[PDB]
Amino acid sequence: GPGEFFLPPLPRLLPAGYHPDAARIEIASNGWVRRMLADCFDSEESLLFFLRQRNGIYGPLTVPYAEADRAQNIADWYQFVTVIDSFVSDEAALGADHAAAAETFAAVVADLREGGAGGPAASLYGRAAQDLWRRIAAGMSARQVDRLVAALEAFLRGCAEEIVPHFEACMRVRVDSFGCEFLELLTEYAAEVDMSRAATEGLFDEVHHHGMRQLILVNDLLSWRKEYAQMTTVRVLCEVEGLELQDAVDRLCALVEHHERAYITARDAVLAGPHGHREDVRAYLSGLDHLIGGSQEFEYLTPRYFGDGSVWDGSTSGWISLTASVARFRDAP
Amino acid sequence: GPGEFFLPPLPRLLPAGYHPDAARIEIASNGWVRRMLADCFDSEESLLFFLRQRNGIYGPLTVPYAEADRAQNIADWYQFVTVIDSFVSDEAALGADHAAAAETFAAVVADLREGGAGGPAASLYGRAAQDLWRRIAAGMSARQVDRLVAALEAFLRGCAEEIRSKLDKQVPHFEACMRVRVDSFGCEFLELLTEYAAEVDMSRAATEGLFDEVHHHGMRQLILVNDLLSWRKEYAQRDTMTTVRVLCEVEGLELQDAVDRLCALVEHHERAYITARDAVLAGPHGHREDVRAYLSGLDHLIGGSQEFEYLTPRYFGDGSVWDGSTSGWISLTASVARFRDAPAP
Ligand code: NA
Ligand code: NA
Ligand code: NA
């Protein structure tokens, strides 16, 4: 096996800012995870393992421009989806199997839209979902709440089902599963805009295609240690195309740059076009800029990817152990 | 011995603010610790144990009003002082007889005194101290630089007295404990660094004793809160210089009685700090922008130090993650601790 690969400097063209309250939001998010989601963990050990991933600072890194309340709401949302994704591992815990998922999660979310706790199916996470719905729905248009309903249903269905021929079919499945519709809706929420109409008309089809593909590729690169040990572009290149790891990494880093520059081109085309003068469109596009820059800053930071025990030292390029329990970028092999 | 104690709600009357770049300053401060101090630790794994304590967020929690560069300088200083404190506090690293202790300690003293010298340092502590001195002394008046020299000397005198208290197996009476800890806690450092962060020079006012009451009560508040939040980690260790040990072993109090007494004392000194501060603010210097900036700086030092001490795994155990709770039952025996609303049955 390789045991060690080199991650070169990535373009990092887009703003990566921290919310002015990022450190405090991470702690208050951690507090909310204990209060609302403790029962999803089989012990204090498992909860703290999760809290050590610092998932609570993702929100403030993606929406550094947002009002503190909305930044807290998004930080708690992302911890919530990560807990349910990673730690709610039983059809009993989630409230449905793959068979029952559709009509079950339709009724859970129907109940949440009404201000309830999503009923017996949602027993270990419905108080959590209710608290987030209360906070977030209040600052959303009714169209946005329709979209949140569909987004949360798909997410829980996606979870129930979880219990390639080529690279592009990998990209298609990574895009369908990354939660892009959530990210897009929450970007609108943070920026206090409603892009519901412009988005159905396809104004953002190109910026979303490149934006989300950049997010996914950066994520596949920085999550490769975690995934190697457990559906990802790195695995497709190595196994389906038979590339050496370093060649796969080099290919994916160049692909990050392709989609990053193409995102900027496509964003600039909307800014130059007949909706580009609109302030809400500008605010949304700045939102996506900070989501893309901030997600990558977050992905360097998290012990979810560098191993429980790791503490980021700010290094972003160099040699990294594929296998070691705890990793960091070293300036030599 | 008791297995737990109850920490009642403390007054928490003073502002605990985070620097707007706090998260980022912590990471960069972790980077400085690896670049300058990696070789102070026995391994990568002991370096990570130290980095997991989040000592890098102390700076941004105590000078949230400062410019980012000065906040970074203070963040790095506090991490460095925490390393020095853990080395001199460690009988194995230092020596557990006078002779061996004194030789090791003399090397630490000589290394840190290289900080403000003209020739390059050879030691790990010397190069770290030189780096921090060059960054900080650049933002200081000549009088503040002399005071920085005196602050290091005060800190080292205090460390020497804490070391001797272990060697001689002697718990000080409360007033001798507080008198040592004003040195060992680095109060002169914190005062000067608070002027530096606020970009003021209080050298003249301090010489005239404008802040004697403000300092007396504010520093006592800081030391007492630190003693309460550090007890979990200090309780099994021996002859350490903490008022919890003074009240238990010198004055014969049961742990919970000692804790309750020290919480009453935190509130005494915290209210006396606010009264003393308000007197300066109402007095013939109280309109001065620099005086007001300094006292606002001490408010944030006092509030932020307490916030930091609740969050750090240095106190709540490696692997702990603060949930924001500030009062309740705390285990002395658990490998990780947090405040609970019931005792262990
Ligand atoms: Na902050
Ligand atoms: Na996980
Ligand atoms: Na690192």
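Hydrogens, waters and symmetry mates are skipped; everything else that's a heavy atom, side chains included, is used. In what follows, chains are A, B, ... by sequence order, proteins preceding strands, each numbered from 1.
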Does the side chain of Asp21(A) pick up a donor-acceptor pair with the side chain of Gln72(A) at under 3.5 Å? no
Between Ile320(A) and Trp224(A), is a side-chain contact (heavy atoms from CB on, under 4.5 Å) present by the stated rule, with each step listed? CA-CA 11 Å; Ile320(A) 176 142; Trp224(A) 179 233; over 6 Å; no
Sidechain-backbone polar pair: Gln230(A) side chain, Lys226(A) backbone, donor-acceptor under 3.5 Å: yes
For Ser295(A) and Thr62(A), work out which heavy atoms get closest and say how close. OG-CG2, 3.6 Å
Apply the test salt bridge (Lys or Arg N to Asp or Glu O under 4.0 Å) to residues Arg213(A) and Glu168(A): give CA-CA distance (whole Å), side-chain angles for both, the deciding distance (0.1 Å), then the verdict. CA-CA 11 Å; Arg213(A) 284 192 173 220; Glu168(A) 185 47 29; 2.7 Å; yes
Taking atom CG as the centre, does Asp341(B) end up with more than 12 heavy-atom neighbours from other residues, nucleotides or ligands that are less than 6.0 angstrom away? no
Do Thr82(A) and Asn55(A) have a side chain donor and acceptor closer than 3.5 Å? no
Atom pair CG/NE2 of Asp205(A) and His209(A) - distance to nearest 0.5 Å: 10.5 Å
Below 4.5 Å, heavy atoms only, C-beta onward: do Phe41(A) and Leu48(A) meet side chain to side chain? no
Assess whether a salt bridge exists between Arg24(B) and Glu297(A), defined as any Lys/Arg side-chain N lying under 4.0 Å from an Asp/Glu carboxylate O. no
Return the minimal non-hydrogen interatomic distance between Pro303(A) and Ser310(A), and the atom names on each side. CA-OG, 3.3 Å
Distance check, rounded to the nearest 0.5 Å: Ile216(A) atom CD1 versus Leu252(A) atom CG? 12.5 Å
Please tell me if the side chains of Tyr189(A) and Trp77(A) come closer than 4.5 Å, counting only heavy atoms from C-beta onward. no
Nearest 0.5 Å, what's the CD1-NE2 distance between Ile292(A) and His259(A)? 11.5 Å
Would you please say whether a donor-acceptor pair under 3.5 Å links the side chains of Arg314(B) and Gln53(B)? no
Give the C-alpha distance, both sets of side-chain angles, the deciding distance and a yes or no for salt bridge (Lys or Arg N to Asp or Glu O under 4.0 Å) between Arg143(A) and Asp146(A). CA-CA 5 Å; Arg143(A) 335 151 180 105; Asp146(A) 298 347; over 6 Å; no
So do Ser196(A) and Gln144(A) actually touch side chain to side chain, heavy atoms under 4.5 Å? yes
I'd like to check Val249(A) versus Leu237(A) (side-chain heavy atoms, cut-off strictly below 4.5 Å). Are they in contact? no
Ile264(A) versus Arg267(A): any side-chain heavy-atom pair under 4.5 Å? yes
Mind checking the CG-CE spacing from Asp176(A) to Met171(A)? Nearest 0.5 Å is all I need. 10.5 Å
How many angstroms lie between CG in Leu61(B) and CG in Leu311(B), if you round to the nearest 0.5 Å? 6.5 Å
Assess whether a salt bridge exists between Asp131(A) and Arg135(A), defined as any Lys/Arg side-chain N lying under 4.0 Å from an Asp/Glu carboxylate O. yes
Do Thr302(A) side-chain atoms and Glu299(A) backbone N/O form a donor-acceptor pair below 3.5 Å? no
Checking side-chain polar atoms at under 3.5 Å, does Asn219(A) have a donor or acceptor matched by the opposite partner on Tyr305(A)? yes
Heavy-atom donor-acceptor pair, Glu227(A) side chain to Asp220(A) backbone, under 3.5 Å: no
Is there a donor-acceptor pair under 3.5 Å between the side chain of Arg34(A) and the backbone N or O of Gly324(B)? no
At what distance, to the nearest 0.5 angstrom, does CD of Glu162(A) lie from NE2 of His98(A)? 11.5 Å
Centroid separation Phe316(B) to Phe339(B) less than 6.0 Å: yes
Within a strict 4.5 Å, meaning less than it, do heavy atoms of the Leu13(A) and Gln214(A) side chains meet? no
Are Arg197(A) and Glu201(A) close enough, and set up right, to give a salt bridge (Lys or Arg N to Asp or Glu O under 4.0 Å), and what steps lead you there? CA-CA 6 Å; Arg197(A) 290 194 204 186; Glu201(A) 293 175 13; over 6 Å; no
Checking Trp32(A) against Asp323(B): is there a side-chain donor and acceptor pair closer than 3.5 Å? no
Minimum heavy-atom distance between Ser321(A) and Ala324(A), given as atom pair plus value: OG-N, 3.0 Å
State, to 0.1 Å, how close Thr187(A) and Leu288(A) come at their nearest heavy-atom pair, and which atoms those are. CG2-N, 3.7 Å
Does any donor atom in the side chain of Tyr58(A) or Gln79(A) lie under 3.5 Å from an acceptor atom in the other side chain? no
When you look at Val236(A) and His166(A), which way does the side-chain contact (heavy atoms from CB on, under 4.5 Å) test go after all the steps? CA-CA 7 Å; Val236(A) 177; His166(A) 56 253; 5.9 Å; no
Stepwise side-chain contact (heavy atoms from CB on, under 4.5 Å) test for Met140(A) and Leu185(A): CA-CA 9 Å; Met140(A) 285 191 158; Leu185(A) 180 61; 3.6 Å; yes
Are the side chains of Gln306(B) and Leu10(B) in touch, meaning some heavy atoms are under 4.5 Å apart? yes
Backbone N or O of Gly139(A) within a donor-acceptor pair of the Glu192(A) side chain at under 3.5 Å? no
With no hydrogens and no angle check, is any side-chain donor or acceptor of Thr104(A) less than 3.5 Å from a backbone partner on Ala100(A)? yes
Would you call the rings of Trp322(B) and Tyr310(B) parallel, tilted or perpendicular, taking 30° and 60° as the class edges? parallel
Salt-bridged, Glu188(A) to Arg147(A), with N to O below 4.0 Å? yes
Under 3.5 Å: donor-acceptor pair, side chain of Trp133(A), backbone of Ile136(A): no
Quick one, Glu26(B) with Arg54(B), criterion salt bridge (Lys or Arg N to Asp or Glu O under 4.0 Å). Give me CA distance, side-chain angles, the key distance, then yes/no. CA-CA 7 Å; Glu26(B) 176 185 10; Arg54(B) 298 196 69 190; 2.8 Å; yes
Between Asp85(A) and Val81(A) (side chain of the first, backbone of the second, donor and acceptor by atom type, cut-off under 3.5 Å), is there such a pair? no
On a heavy-atom basis, the closest approach of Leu7(B) and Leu229(B) is CD2-CD2, 3.9 Å
Sub-3.5 Å donor-acceptor pair from the side chain of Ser46(A) to the main-chain atoms of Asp42(A), do we have one? no
Distance-only donor-acceptor check, side chains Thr232(A) and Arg174(A), under 3.5 Å: no
Kindly indicate, with the supporting measurements, whether the criterion side-chain contact (heavy atoms from CB on, under 4.5 Å) is fulfilled by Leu183(A) and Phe178(A). CA-CA 9 Å; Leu183(A) 292 179; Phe178(A) 194 64; 3.7 Å; yes
Between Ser29(A) (side chain) and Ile25(A) (backbone), is there a donor-acceptor pair under 3.5 Å? no
Nearest heavy-atom pair of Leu156(A) and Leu94(A): which atoms, and what distance? O-CD2, 4.0 Å
Does any donor atom in the side chain of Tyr284(A) or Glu184(A) lie under 3.5 Å from an acceptor atom in the other side chain? no
Check whether any side-chain heavy atom of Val83(A) sits under 4.5 Å from a side-chain heavy atom of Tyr78(A), and report yes or no. no
